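Proteins get letters first, then strands, A, B, ... in listed order; numbering begins at 1 in each.
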2 protein chains.
Amino acid sequence: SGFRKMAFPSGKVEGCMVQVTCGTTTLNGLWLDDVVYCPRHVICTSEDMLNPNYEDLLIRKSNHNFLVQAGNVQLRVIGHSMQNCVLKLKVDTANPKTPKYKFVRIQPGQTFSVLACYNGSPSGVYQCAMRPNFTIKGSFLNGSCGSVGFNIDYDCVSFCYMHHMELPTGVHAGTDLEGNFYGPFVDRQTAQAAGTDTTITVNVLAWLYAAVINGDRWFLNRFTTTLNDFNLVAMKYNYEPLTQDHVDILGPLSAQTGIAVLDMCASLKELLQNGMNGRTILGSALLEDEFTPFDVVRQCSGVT
Amino acid sequence: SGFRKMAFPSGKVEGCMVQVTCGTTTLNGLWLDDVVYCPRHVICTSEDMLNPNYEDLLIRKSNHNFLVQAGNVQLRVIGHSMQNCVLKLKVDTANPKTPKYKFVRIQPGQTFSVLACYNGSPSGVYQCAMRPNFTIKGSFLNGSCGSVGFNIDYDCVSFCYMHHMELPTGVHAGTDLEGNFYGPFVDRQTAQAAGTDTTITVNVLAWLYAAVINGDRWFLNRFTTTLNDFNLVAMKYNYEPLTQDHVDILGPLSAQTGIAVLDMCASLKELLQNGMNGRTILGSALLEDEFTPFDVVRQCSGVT
Ligand SMILES: O=C(Nc1cccnc1)NC1(Cc2ccccc2)CCOCC1
Ligand SMILES: O=C(Nc1cccnc1)NC1(Cc2ccccc2)CCOCC1
């Protein structure tokens, strides 16, 4: 028993981290097979970040200008290309530590682990959710750009995020591994509006099921609700509308606990309307939305 | 910016995890050099766990009864010994992935990362604190025994915890790597009282400094206090008494923020007496005590 904000073991990803330097800018890159992936803003100067023409900036660069270092060994760059907001540096050596991997574009509300890196060296690992507004609330300092987010299914690492920037609001924006930003963000030092964020309703319900499995049951009540009634409450409290697809994904947890999804919705409704009255659930005094129904099943079943 | 409950990158530890089987019991072991360390309760049956005589149980076992598997390769056991509550299985092969390592006994209030494992395979990583009462609030299921806690200083892994059991209260107990339990616990299926736990005051103050560094400042007030006055409040709210040693360790954070430690104590005093009035600090609606002053400096400075 016990329920923690658990990240995937980061070993397979640590073996892919490298340092990429271009001019005076140093950030992190991801070395998979004979390609190193990194944010294209590695080619920017301080005057450039305000409004960069990446095409023109990249033209002034040659293969020998990209310094890629894996630990203490230097990699030889034999090609460079820009794909959306990522640079792909072809190297003459395939990473011997390349795990089985996929590049995936995750959906808002899904979770992943981040391996925060500086100068190509791993500093820490944490689990987070892609917010409904396509930002992530991470922990990143200057130099963390190029750190990646991922999920692991047995031996396969699905890379889903590469860190690009911190918005003036302190939240984080980045791309999939094809260099496409999540959300409306652009890789420019300009004020950028992150949309209105909402709470990931299906994740809060999944976490309420995790609480019941672990003995925290005080919030269970004698009530039920309907999807329509619950969604009137969700709208008022800036929660994502619950759909039948969300109910369907909660099926295994509803089956394990014997608590019908709409009954758990009625507990959530009362928690939204009345608050927690100074009580806690799984060591939290707020409703947690960073665990998906899959995370709850995985953590509660011990998937390795 | 941003502040997360960050674990150490687990790669160096993943390379040490093995599966240990004895009779019908399977748990995790830690393979360092030519020794595999695991909880001695791997030699227990179901009738034995209620009141085991480990000395007698181990006498009925031979080197060939301990099945140690690293991934898919079988290790050859050439010696076995019990040291306190851990079994040390000498193998004929030194682990090629053995990192630089130390065995350390951590103090209550200190933090560490846990790599939860099942059948010798890593499932996830999370950061936690050794509670003042020597329990840990982890996430462990049956089969997780032998999973370890550790800290990393550049290339050196300091192993500080090995998981042994879950108390009837759902909290976790284990040993240092010399097999000495943290706390009064014994490796027996019997009701065991964990002492009264307290909140780790120095960690809450460190986390309040992290909040200020990251822009969460609403809790800062126009007041100050004394160590004596603050400790009267800490006693009432079951917080650990703050000492000058704790003030001294908060020195760098006090210096970085320009907020005197006793002034931060006065903010904490008001938060204890008045609550958070429905507000949050670093995304939490309660006072967080799982970050040490060292963790806050490390996370805020990007130590890799
Ligand atoms: O976003 C970060 N820092 C960072 C800090 C903390 C967390 N995450 C990132 N760095 C900048 C990246 C950038 C953006 C667009 C074009 C060119 C470069 C933006 C700010 O100015 C310095 C470069
Ligand atoms: O503690 C765990 N399970 C577990 C589950 C979840 C989290 N952590 C551990 N397992 C037992 C270990 C034990 C203790 C003392 C002597 C002999 C063996 C105790 C309960 O009965 C089964 C063996």
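- The part of B/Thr280 that comes within reach of chain A is its side chain, from C-beta onward, which places non-hydrogen atoms under 4.5 angstrom from that chain.
- For the set A/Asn214, A/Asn142, A/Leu141, the count of heavy-atom pairs under 4.5 angstrom toward chain B peaks at A/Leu141.
- In this structure, B/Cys117 and A/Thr304 have side chains that are not in contact, with every pair of non-hydrogen atoms separated by 4.5 Å or more.
- A salt bridge links B/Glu290 with A/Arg4; the closest basic N to acidic carboxylate O contact falls under 4.0 Å.
- Looking at A/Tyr118, both its backbone and its side chain come within 4.5 Å of chain B, counting heavy atoms on both sides.
- You'll find the side chain of B/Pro9 reaches within 4.5 Å of the side chain of A/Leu115, heavy atoms only.
- Options A/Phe3, A/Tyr126, A/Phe140 differ in how many heavy-atom pairs under 4.5 Å they form with chain B, and the most are formed by A/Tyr126.
- With a 4.5 Å cut-off on non-hydrogen atoms, B/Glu14 touches chain A through its side chain but not through its backbone.
- In this structure, the separation between OG on A/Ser123 and CZ on B/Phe8 is 10.0 Å, given to the nearest 0.5 Å.
- Within 6.0 Å of CZ in A/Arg217 there are 12 or fewer heavy atoms belonging to other residues, nucleotides or ligands.
- Contacts between residues 165-174 of chain A and chain B, counted as heavy-atom pairs separated by less than 4.5 Å, involve A/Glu166, A/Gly170, A/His172.
- If you tally non-hydrogen atom pairs under 4.5 Å between each of B/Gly283, B/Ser139, B/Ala285, B/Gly143 and chain A, the highest count goes to B/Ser139.
- The contact between A/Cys128 and chain B is made by backbone and side chain atoms together, counting heavy-atom distances below 4.5 Å.
- Neither the backbone nor the side chain of B/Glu288 comes within less than 4.5 Å of any heavy atom of chain A.
- If you take NZ on A/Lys12 and OG on B/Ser10, they are separated by 11.0 Å, rounding to the nearest 0.5 Å.
- Proximity to chain B (any heavy atom under 4.5 Å) is shown, for A/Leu286, by both the backbone and the side chain.
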